[PDB]
């Protein structure tokens, strides 16, 4: 149980259109010896966003896996109008920041160890028919030098039993440069669209988060200056339809780029499964040694 009066703000960790994550101390003894936790809260709270947040909390509470961030509890203290999700806090931070910082000691075998773990986490979500929808290094956390965890479930949805996709028509900001074509055009999300986004995560890893090499940076460079009265998402859809793809990262092995290109198939049914991805990654890693 978490009492609101004992949560002490330390630092901001990240932001989403309607959500924010903060590093807080939970200090019931009020002597600064309390545990440091990660607190997720709604930015501009609504009755609709609260119900969605309740679902997100039920999703994370239902997950227990070595490569999934741990649920600690909730903090209401003021009915259902100031709901907070309490999670474990990982001092090493996001994989996005860690990779950039430690790019000299992180080798390809290490990148593939993280890749394998994300795949394992994703296969586990699949057993529960959960679609993550927002896979990105920004949302992956570093437990230690040999372990990562999927750390946010803000866009995660459960598939209904009757279909293999979830349709989401909703404002505002979508991570369009991580989205599968059918997610851009039909707002259709599936295990297959999470595989496409995984391909983009694999790309982020092998660029070591070089700012000018990010998926928005590369797609924008490919779209070019000829924007002339058309939106960026219109240009992106056309580019993907015409088989335009993110380039092979500098020093990335052909076999690893092949996995990315397979994830980025226009036909959802031709994309690999997360079990096949783990097999292929684990073996490329074993061969590197």
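Numbering follows the first chain given and starts at 1.
When 190-198 is weighed against 107-115, 107-115 comes out higher, by mean CA B-factor as recorded in the entry.
Higher mean CA B-factor, judged across 47-55 and 256-264 from the recorded values: 47-55. The residue among 133, 128, 149, 211 whose C-alpha carries the highest B-factor in the deposited model is 211. Per the deposited record, 75 carries the highest C-alpha B-factor of all listed residues (180, 90, 87, 75). Residue 159 sits in the middle third of its chain by CA B factor, as recorded in the PDB entry.
In this PDB entry, the Cα temperature factor of residue 17 sits in the top third of its chain's modelled residues, the highest group. In the deposited entry, the Cα temperature factor of residue 279 sits in the top third of values across the chain's modelled residues.
The PDB entry assigns residue 80 a C-alpha temperature factor belonging to the highest third of its chain's modelled residues. Residue 240 sits in the lowest third of its chain by CA B factor, as recorded in the PDB entry.
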